[PDB]
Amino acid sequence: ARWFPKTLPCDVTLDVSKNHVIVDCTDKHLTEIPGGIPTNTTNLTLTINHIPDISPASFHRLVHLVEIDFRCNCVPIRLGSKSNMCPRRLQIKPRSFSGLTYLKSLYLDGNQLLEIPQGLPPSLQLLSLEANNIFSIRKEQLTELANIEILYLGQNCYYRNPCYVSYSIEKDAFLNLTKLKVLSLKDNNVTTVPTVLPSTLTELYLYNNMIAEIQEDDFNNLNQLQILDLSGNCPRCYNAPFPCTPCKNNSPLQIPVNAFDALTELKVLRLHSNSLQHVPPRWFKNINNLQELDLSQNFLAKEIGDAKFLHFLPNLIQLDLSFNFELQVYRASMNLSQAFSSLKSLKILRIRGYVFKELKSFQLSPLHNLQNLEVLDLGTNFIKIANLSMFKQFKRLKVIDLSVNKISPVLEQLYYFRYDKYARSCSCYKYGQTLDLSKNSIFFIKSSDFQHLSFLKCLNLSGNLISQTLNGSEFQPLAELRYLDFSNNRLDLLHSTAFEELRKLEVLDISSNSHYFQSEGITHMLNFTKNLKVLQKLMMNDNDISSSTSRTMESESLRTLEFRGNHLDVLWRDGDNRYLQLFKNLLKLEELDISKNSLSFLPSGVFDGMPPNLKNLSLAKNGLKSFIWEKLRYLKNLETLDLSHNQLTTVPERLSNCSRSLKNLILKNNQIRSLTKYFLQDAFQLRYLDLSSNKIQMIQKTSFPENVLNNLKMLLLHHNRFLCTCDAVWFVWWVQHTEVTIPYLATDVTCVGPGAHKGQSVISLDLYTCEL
């Protein structure tokens, strides 16, 4: 099927449209650039390997290279692996790049380089040198970059990669880079804004440095600047999770009132963690296009009640005023200036970490007529009191976020407090209006608590303290609710009428409501599903369900049931038949997850008891030690079977004879040591087979008929125990010449033996001695 097997340890892709031959050698544990890279190579990535030097031999035949991605072949010690530390810096010999006359993009990040590499071709638009050791920039070393448009030099002098001096930039070092659009000098122990910069700049990143003052003319010529980030200069260090040095005397970064006067094109201004106490309106006199303003992690608590500068921001789309609270102050309420009402274009307002006790309808009145307002984020404010009905005036919003508060009767986890959220490494909103009350202190709910909110489509009550029996009266206003996240509470299913007032409910999450399931003898009405006539998806993961008063759950609508992390092993205790049809009357059910239920065996009757349209079944992570494969015949619509992370030792003698419908068979992470002689014979439906991470020693042709392998979209075989003796001649030859997609041939389809061949990839294996 192939005449010339591919030995090269890299994935090779063709994009015929834009004549790219893409060679990806990412993370292939290479010590040398592999031989045989196609000479038509346009994109070549060698990121995360251990190639210790580059030379003219490196790319010698690769004349058409347009991009070389050579990041992280010698990561700085504190940022890289401690088990495989890099012994010496990358070495780049002369002329290594000069012949590549079409090279447009060169990334050399994370290689412990000490200088800007010279000899670069004049075609280069993008040079990336992050996380190296270059902390002195001289105009001489930048003459070669005449046509450069994007230049990343950050992370070369900071706490994860110290240089122990101030960064240095000669005057007008960048000024003759006349074509330069993007300059990044973040995380560099820079002490002043470098001047003069080329007026072609559209983006300037100077954040996380030691710039204490802006000079009035530091940005005088940047009439095309669109994004400017000065954050993390004079940081606000309270509860910082990284080493943090504030400016002396609690000074802020000092910005003259006229410092921005030239930036007419500015669209994004970021002044995060600059220890600001005031925001002069004069700052924005000449910026009418500003769309995004980050003022998080300053000391603007008082200014938020005044905030005259908002009158100069009629086109602002995003405003972030999070974490401006005064230390050790717990304000009574939020004092939002009337000036917010002049934010006519505002879509997103974030004020986390203002820290106040009580939220009242009128305090949000400055926002009532912001017509384009879509997201209001008041999370992490320790609000104790809030009448939810006030959001009846905010029905136009897409998300109201009150997450992580103490109310009673999507951004990264680390976001406002991480050092460099843009650091490069080597959900129910779609349903409509969302009220996020997650991680609050609601211990009891009542119908009137939701009143005037019948417009809500998604309500997140995850992670409250609700230890209550529901009887159908608690949610009555919520006539349009489609999604209820009730996870991480203490739901008590005493009555089978719970949730029945949510007539339009399509998704219910009651996972991690294990509390009342963990004490013996307590009544549990699992048959509450019957009353929910449009319910599509039910999640009850991690509930430790080991007993149930009702014997059957019923639904004519339910399509997906997640039941992972429970104790079906106890419910189905061998000899107890009462619950073998717990799911039989979920008539429309197509997907069932009963992984992690400690099912080390399946009792008689489990398969016969499944609902008739079951398509996707997971029995993963059960400690399954045995499996009667014939009983799949009961599952006449079964299309996906996930048996991963179990203890199986055998596959069926004839998979076609067990399931005529089975299309995807997942057996990864088991104990299988051999395949049956006619395993896949006539399994014409099979499309996907994962046998990886087992203990298979040999595979013979009878098990793998090629009319079956031809239809496989993927066949996974890596991390097994293959013996590369002359008995493996067909398997080795087939693996080398087949077109079937088999991931990891280059890294993890290997011989364990015999002696000579140990550790060797079967793709590279030469068995001519077997036919002498």
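In case it trips you up, residue 1 is the first one in the sequence shown, and so on.
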Size class of the missing deposited segment between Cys426 and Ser427: 10 or more
Unmodelled deposited residues flanked by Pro409 on one side and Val410 on the other: 10 or more
Mean Cα B-factor comparison, 74-82 or 458-466, giving the higher one as deposited: 74-82
Per the entry, higher mean C-alpha B factor between 590-598 and 92-100: 92-100
Highest-ranked of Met334, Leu253, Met525, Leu624 once sorted by CA temperature factor in the record: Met334
Identity of residue with top Cα B-factor, from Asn381, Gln433, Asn220, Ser184: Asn220
Among modelled residues of the same chain, the CA temperature factor third for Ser55: highest
Assigned third (lowest, middle, highest) for the C-alpha B factor of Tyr416: middle
CA B-factor ranking of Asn513, expressed as a third of its chain: lowest
Among modelled residues of the same chain, the CA temperature factor third for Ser473: highest
Within-chain third of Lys668 by Cα B-factor, per the entry: lowest
